[PDB]
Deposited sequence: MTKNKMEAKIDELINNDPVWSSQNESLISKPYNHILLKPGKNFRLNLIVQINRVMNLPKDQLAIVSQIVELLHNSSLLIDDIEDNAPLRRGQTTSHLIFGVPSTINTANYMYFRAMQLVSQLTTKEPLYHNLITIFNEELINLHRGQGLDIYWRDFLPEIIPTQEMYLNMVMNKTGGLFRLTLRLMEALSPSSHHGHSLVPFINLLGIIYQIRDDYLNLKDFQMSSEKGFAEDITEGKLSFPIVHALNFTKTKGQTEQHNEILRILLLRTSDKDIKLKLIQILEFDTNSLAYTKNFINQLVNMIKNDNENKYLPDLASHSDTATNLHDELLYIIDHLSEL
């Protein structure tokens, strides 16, 4: 009767969970916290709030949700990309293992979800906030799913520039739009800034793809076999011009998942001198950036600063 009695108590109570348990499963998350970038994400949010005017308490919660989602998305991204390093340090899954890291990252999506209820007591607003949360997380996964599928099943699908851009609108635009949409729905306070934030997302991703190869010229995107903006331009350029051998060598090198520096450098120089994809990309970025530097259709000083430090987000 004492087993039954204890089983009785167990099932008539909420599940037990200690602060000790909480710390043990937060390990992969606490480790990525030590990586920099927080202050640049906060700066962007603050500058945007000069337009939305959320009371600092509310802005702090938006900031927390955003940090939880971004950090979790990165923990998962490095597992999906088998990345050994993130901002100069060891990637969490290599320390605590893929199983704990997946679970913690996913746990943190739900903690982020929970914070949304701290933003307002108004029930209709709450529903809109959760819908915004739900929609953009759905968008992030769609884009991420395409990116991974193209890479892991290459050469089944060779995406065009148009397909890449739609994938980025989902994959990268997701968090930019989530943050901005939450702020605009909460604003006590011009046209919507979504177009502008999408453009920031697209510049962010292509620059990320570009710098990954240009700072090397560890070109880790080549090791991952990522269909990056420069790679998509080169694969299409070579098909188009009938450079059969080059098209095939690009695919062959991506499929190797190699860490050999010279092989990576051979590929980068093919995009440099043979397809001119690096110059094409650099110019594509300058053009998107000029779309803001040149009205007030997209925009509502600090902006230019943000754009030059976009890479640090």
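Relative to the deposited sequence, which regions have no modelled C-alpha positions in the structure? According to the record, the gaps fall at 1-3, 193-195, 224-229, 307-308, 315-327.
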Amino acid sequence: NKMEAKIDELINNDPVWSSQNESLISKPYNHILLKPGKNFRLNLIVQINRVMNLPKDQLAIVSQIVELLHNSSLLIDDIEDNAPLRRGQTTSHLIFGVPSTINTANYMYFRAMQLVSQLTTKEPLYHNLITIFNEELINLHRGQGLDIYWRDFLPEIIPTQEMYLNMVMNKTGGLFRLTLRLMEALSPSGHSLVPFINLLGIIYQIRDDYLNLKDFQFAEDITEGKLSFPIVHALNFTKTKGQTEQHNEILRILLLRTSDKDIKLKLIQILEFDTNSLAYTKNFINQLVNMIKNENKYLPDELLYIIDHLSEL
From here on, numbers count along this sequence of modelled residues.
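In a third or more of the other compared PDB entries with flanking residues modelled, does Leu303 go missing? Yes, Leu303 lacks coordinates in at least a third of the other compared entries.
Could you tell me whether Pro36 lacks coordinates in at least a third of the other compared entries whose models cover its neighbours on both sides? Residue status for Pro36: gap in at least one third of the other entries.
Averaging CA B factors per stretch from the PDB record, which one is higher: 145-153 or 192-200? Result of the comparison: 192-200.
Averaging only over Cα atoms, indicate whether 72-80 or 113-121 has the higher B-factor in the PDB entry. Between 113-121 and 72-80, it is 113-121 that shows the higher mean C-alpha B-factor.
From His233, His127, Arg181, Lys171, which pick has the Cα B-factor that tops the rest in the entry? That would be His127.
Among the chain's modelled residues, which third holds the C-alpha B-factor of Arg86? Its C-alpha B-factor, which the entry lists for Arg86, ranks in the middle third among residues of this chain.
Third of chain Cα B-factors occupied by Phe133: Tercile = middle for this residue's CA B-factor.
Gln269's Cα B-factor: lowest, middle or highest third of the chain? For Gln269, the deposited C-alpha B-factor lands in the lowest third.
Chain-wide C-alpha B factor ranking for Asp57, given as lowest, middle or highest third: Highest third - that is where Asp57 ends up once the chain's C-alpha B-factors are sorted.
According to the PDB entry, is the CA B factor of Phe216 in the bottom, middle or top third of its chain, that is, lowest, middle or highest? Highest third.
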